[PDB]
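>>> The sequence isn't on hand, but the structure is:
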RNA sequence: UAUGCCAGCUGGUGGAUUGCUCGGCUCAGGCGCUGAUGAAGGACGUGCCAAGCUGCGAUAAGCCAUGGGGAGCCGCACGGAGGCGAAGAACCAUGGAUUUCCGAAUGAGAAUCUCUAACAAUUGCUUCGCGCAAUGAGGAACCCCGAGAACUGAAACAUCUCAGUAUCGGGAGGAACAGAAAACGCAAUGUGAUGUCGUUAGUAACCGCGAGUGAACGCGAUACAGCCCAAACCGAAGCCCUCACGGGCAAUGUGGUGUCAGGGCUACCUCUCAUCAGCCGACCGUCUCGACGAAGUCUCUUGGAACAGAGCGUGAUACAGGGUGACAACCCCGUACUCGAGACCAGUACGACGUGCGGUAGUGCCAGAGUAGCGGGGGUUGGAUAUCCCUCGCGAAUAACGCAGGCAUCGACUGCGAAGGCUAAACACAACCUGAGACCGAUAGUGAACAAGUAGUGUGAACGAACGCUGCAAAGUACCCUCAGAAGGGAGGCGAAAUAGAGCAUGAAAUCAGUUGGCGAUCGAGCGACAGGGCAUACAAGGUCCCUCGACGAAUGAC
RNA sequence: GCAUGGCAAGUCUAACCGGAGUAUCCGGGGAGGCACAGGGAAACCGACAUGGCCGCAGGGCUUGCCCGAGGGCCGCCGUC
Ligand SMILES: [Cl-]
Ligand SMILES: [Cl-]
Ligand SMILES: [Cl-]
Ligand SMILES: [Mg+2]
Ligand SMILES: [Mg+2]
Ligand SMILES: [Mg+2]
Ligand SMILES: [Mg+2]
Ligand SMILES: [Mg+2]
Ligand SMILES: [Mg+2]
Ligand SMILES: [Mg+2]
Ligand SMILES: [Mg+2]
Ligand SMILES: [Mg+2]
Ligand SMILES: [Mg+2]
Ligand SMILES: [Mg+2]
Ligand SMILES: [Mg+2]
Ligand SMILES: [Mg+2]
Ligand SMILES: [Mg+2]
Ligand code: NA
Ligand code: NA
Ligand code: NA
Ligand code: NA
Ligand code: NA
Ligand code: NA
Ligand code: NA
Ligand code: NA
Ligand code: NA
Ligand code: NA
Ligand code: NA
Ligand code: NA
Ligand code: NA
Ligand code: NA
Ligand code: NA
Ligand code: NA
Ligand code: NA
Ligand code: NA
Ligand code: NA
Ligand code: NA
Ligand code: NA
């Protein structure tokens, strides 16, 4: 049995005095009325903040952490093995509607990896080299200067 | 497990491997959910006229004449819900979404589960079906798809000791209630489901309580009418094989 | 108000075992499965690999998921495993149903609970 | 039309020529065999036998056929009025069987015999 | 024991209840314009007797033809009389005839009539004559173009919001509108007419930066289709009316060419399968309608009636639904299967006829002006400097030019040619046809199951109800008595039932008549709850209860 | 938010398309959404698959002593 189902006979259906459930006055005004007065509590403050650059001057990087690549090297049997060598661009999803692919360095690298991507973070490089690996910058990656 | 194939005389004729799906653990809660959705999804939208009871300029006189403040016209009350001829306060509405969603996986699982319930003689007996057989479902040669006369499917069924179920479904019930005024006067037990491969069995369809289906599109409802698992079914050699991949 | 008849039976079986046999885990696992689904365990392989040890059966009072890497040769018992989890685990160890666990070990000894 | 209201309506409002089908009766075993039809439109010339009313068992010649009320008057199938007069008791052709046919019409007989049309 | 209280019984009043559904409500598929050749609507007529409704129109519930249909019929409407139909009526389909008056209403006037040949009025053509034509008005909503609130929200209120909503003016179609880039701008080595659906996204943008408001490109789909002028260069090679003769139009340019795969011109190359014009002209599908269509009306029992129970038997590519004296696959309609017709798809697709596509080089020959653009003032929009539009003023270039790419200018780059025009299909609505339903079931559901936009109210605009059910069959009560009596009553008759007897199935409560039990003319008022006594009670569906004694015997506990 | 159920580092399809027993239903459709990394107005940069300590349940042991998921207290890391 539901709460609603048990209201018949209660007269007020849980609203308290029958003088309560009337119009918007019982809500302190329609919608966000009073967000600056009687109901300012828990509303983000009034005001303008910052600016936005035009949508078409924005670049969206397609990222991936080494942890993800590394945890599935063996599993990526359909990808170069050598002295592994993986082209990140072929791993990352959303790597099409992306302005470029970037490898981030979260997690560990327990294998020797040769990574090819449009960009890398210090942490990603240090980790990939520290595990006896290398990081190759793509042609698009030739945008560093 | 093994599946004893039968010929059109009802005599054993070799046997095939009962596909794995018939081992899918029986989940009556999921089966029930699948049937519930299929039943909801074919219900039609309805609702009273948006303006029923509002076609009037009736007005309230207010205080002054020892009368309740009720809109009246020509000295007759109108519009308000407590008024005879007034609007329906919270009526059925066309806009209401009367359909039920169901994840494909949850649904397909229910299909597999209802399939499996079909291979359990005890379940099939509890569902209510009448029969004197130990093996189930009943598998038959693809030649069944060539039968043309209902009577012939009858003999085959009597030979397979399964005709008793049709005897069961050979009784209509004249329902209590006003469904009768809307064309729902009768209802009857569900009997044997015949699953073929090329086309539903035209020869078996008119049998009392029988339903015909095809392996590629047989669903939870025909496999478990009203959400109850374990329908006395009869597959076709090929049908049995197709169902395997569902 | 559980709906799954199987989950329901598992729960009753877990109890029968904690009562009859000297088990305490089974009753513990039973009480957690009785609690709301949102509280049931959802463990990835990375956690099993970090706290499990060989010859000690890992017991998940919920479901095991496939993220991370498992190398240890352990036996994991859970309510269910995702398809990938069960595949990765059987390559280095063994994925087992809580129903089998209760049978091969109704006393629930040498078990490690992971959530 | 599977809806009861529509079924009854189309039966009650059927135009005159669509009402002939409402005054049809099953034929005797002999007649069925003779013409290859299970029933016929009872005519005011045929002889018929009552199979269901209080008059079940009696036989007589059809005296009248009313299309609008889809009913027939069979000779001697009557009711005793208060004044003593004897009036016909309307019968539904559905409770009647034709044992003899009035074939004075070339057209009716033709229809009966052909195998692509029924009378 | 008057007046009277409480409960019940018999009869009534009333019309709830249950059962029933000729009506609604909603969804879906199909289809879709009518009118000066006088529509839609209205008025008045029209029947043997005819008031209402329906139909019809002085040929008036109809006339004719063809096809279907069939032995009956003369609408709803079952009377009386009379008639029609084998000379094939009724009835249905298609086509035709007739079709009064008012009505856009058009010769003129007028509350449906009247006065002395009439496209009134405005237009095009024009034989300049109403000679040939057009417009007008209607339609359920949908559609397009204009005019455009306020209550309300912001807890007041002015911008904002309600809302470009309600409402008003103009107008089209079966669908409208839009539409082959002076586009987009995931900026690109990219996309490629237009609607619409899903999403993009409550994102960008707007806003007393409050409340609120609110796209687009793209993407996935649906459906797909692309073309014609103006001009250059030609220059009467042309078009309309008429059978013809003949007339009219046209150098202020008819017609040829041509239209960013730029074109023209000159010299060449190749070639046509583009396009445009015209001819023919569907299949399938879908919607509706129609033909044919299997198998019991056997036994016994109950019953007024078998469609019930028991028994025996049958069909099924048909066990949807309905009807028939009660629960019917086999009694009747129908239903499955097969087949036929009309409509829509569509004057479309296909096919074919004619035309001729395209490429090179040269050439500043051609290419839409109050325009592009700027300024003042407003409206509108998410459009912010960067929406779209109006108004007043100003105002350019000529492809070697010009516009756009979300502030302005200059250069670069990329895209694209405004100020001429057309365009199928996919999408909206629901009048109309059909189908459907966990919708309602006569105070519900439409206002409307009935005389329903009826009766009735208001000067008018406008407002606006209630009313469903005898019975299997009318067998709808003959005869007699009574009476002022075709009333009513008595007796009687029919039927299973008249307590089914006419607004007649069932027949609640409030409540009324008579009557039964209890109380009752010396007595006190929330009408009762719990205890306990009187009196009252057919059965059934409850069967217990009383007293002696004895057994057990908590707390408590004596003379 | 919560309860139940499917699947799980993923999950779900929308419009729509095909089939069919033709509004149900079977198959297809991942466009796109949310989740999988955050911080910053922006430019732009880009994280613990565990380093230490308490310790509930549970497990272990020679019965206080170990191991102790979750939980708790710290360290440490990304960014402004
Ligand atoms: Cl930004
Ligand atoms: Cl985890
Ligand atoms: Cl694009
Ligand atoms: Mg109403
Ligand atoms: Mg009922
Ligand atoms: Mg015949
Ligand atoms: Mg006039
Ligand atoms: Mg206000
Ligand atoms: Mg304010
Ligand atoms: Mg707005
Ligand atoms: Mg855009
Ligand atoms: Mg031309
Ligand atoms: Mg505005
Ligand atoms: Mg009503
Ligand atoms: Mg007045
Ligand atoms: Mg009555
Ligand atoms: Mg995508
Ligand atoms: Na409350
Ligand atoms: Na209240
Ligand atoms: Na408020
Ligand atoms: Na304030
Ligand atoms: Na009204
Ligand atoms: Na009053
Ligand atoms: Na809906
Ligand atoms: Na139409
Ligand atoms: Na009349
Ligand atoms: Na006419
Ligand atoms: Na005219
Ligand atoms: Na003239
Ligand atoms: Na206010
Ligand atoms: Na005020
Ligand atoms: Na504002
Ligand atoms: Na894209
Ligand atoms: Na009958
Ligand atoms: Na201006
Ligand atoms: Na542009
Ligand atoms: Na009524
Ligand atoms: Na996707």
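On my side now, so go ahead. Residues are numbered from 1 along each chain as shown, chains lettered A, B, ... in the order given. Ligands and ions are numbered 1, 2, ... in the order given.
>>> quick one, what contacts whichever residue of chain A sits closest to ligand 2?
Ligand 2 sits closest to residue A:71 of chain A, with a gap of 13.3 Å, by CB to the ion. (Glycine included, C-beta is placed from N, CA and C.) Going by CB atoms under 8 Å, 6 or more residues apart in numbering or on different chains, residue A:71 touches A:107, C:68-69.
>>> Can you pull the phi/psi pair for it?
With angles defined as degrees, to the nearest 10, residue A:71 sits at phi -60, psi -10.
>>> picking that back up, using TSV, lay out the contacts of residue A:71 together with neighbour count, secondary structure and distance to residue C:46.
Formatted as TSV, these follow (neighbours: other CB atoms under 10 Å in any protein chain shown; DSSP: H, G, I helix; E, B strand; the rest coil; distance: CB to CB, whole Å):
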residue	neighbour count	secondary structure	distance to residue C:46
A:107	15	coil	10
C:68	17	coil	3
C:69	16	coil	7
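>>> Closest to residue C:97 out of those?
Relative to residue C:97, the closest of the contacts of residue A:71 is residue C:68; by CB to CB it sits at 21.4 Å.
>>> Strands along chain D, start to end?
D:24-27, D:39-41, D:47-50, D:59-66, D:71-74, D:78-80, D:86-88, D:96-100 (DSSP state E).
>>> Out of those, which gets nearest to ligand 1?
strand D:24-27 (84.7 Å).
>>> does the closest one come close to ligand 34?
No - using CB under 5 Å from the ion, we find that strand D:24-27 stays clear of ligand 34, coming within 9.6 Å at best.
>>> helices or strands up against that strand?
When contacts are defined as 3 or more CB pairs under 8 Å, 6 or more residues apart in numbering or on different chains; DSSP states H and E, strand D:24-27 sits against strand D:39-41, strand D:96-100.
>>> Please name the strands paired to it in the sheet, noting orientation.
strand D:39-41 (antiparallel), strand D:96-100 (parallel) (DSSP bridges).
>>> can you tell me if the first one touches ligand 34.
No - Strand D:39-41 does not reach ligand 34 (CB under 5 Å from the ion); its nearest approach is 11.9 Å.
>>> which residues are in contact with that strand?
In contact with strand D:39-41 (CB under 8 Å, 6+ apart) are residues D:20-21, D:23-27, D:31, D:46, D:98, D:101, D:112, D:118-119.
>>> one more time with 10 Å
D:19-27, D:31-32, D:46, D:65, D:93-94, D:97-98, D:101, D:108, D:111-112, D:118-119 (CB atoms under 10 Å, 6 or more residues apart in numbering or on different chains).
>>> Can you show me the helices along chain B?
Here chain B has its helices, by DSSP state H, at B:28-40, B:104-117, B:121-126, B:150-159, B:163-169, B:220-223, B:237-243.
>>> How about the residues of chain A by RNA strand F?
Contacts of chain A with RNA strand F, taken as CB under 7 Å from any atom of the strand, map to A:49-53, A:58-59, A:61, A:63, A:65, A:67, A:70-71, A:94, A:97, A:102, A:104-110, A:121-124.
>>> which of these are close to ligand 1?
Okay, of these touching ligand 1 (CB under 5 Å from the ion), that's A:52-53.
>>> Sort out which of the residues of chain A next to RNA strand F are buried, if you could.
Using 16 or more other CB atoms under 10 Å in any protein chain shown as the burial test, these include A:63, A:65, A:67, A:70-71, A:102, A:104-105, A:109, A:121, A:124 as buried.
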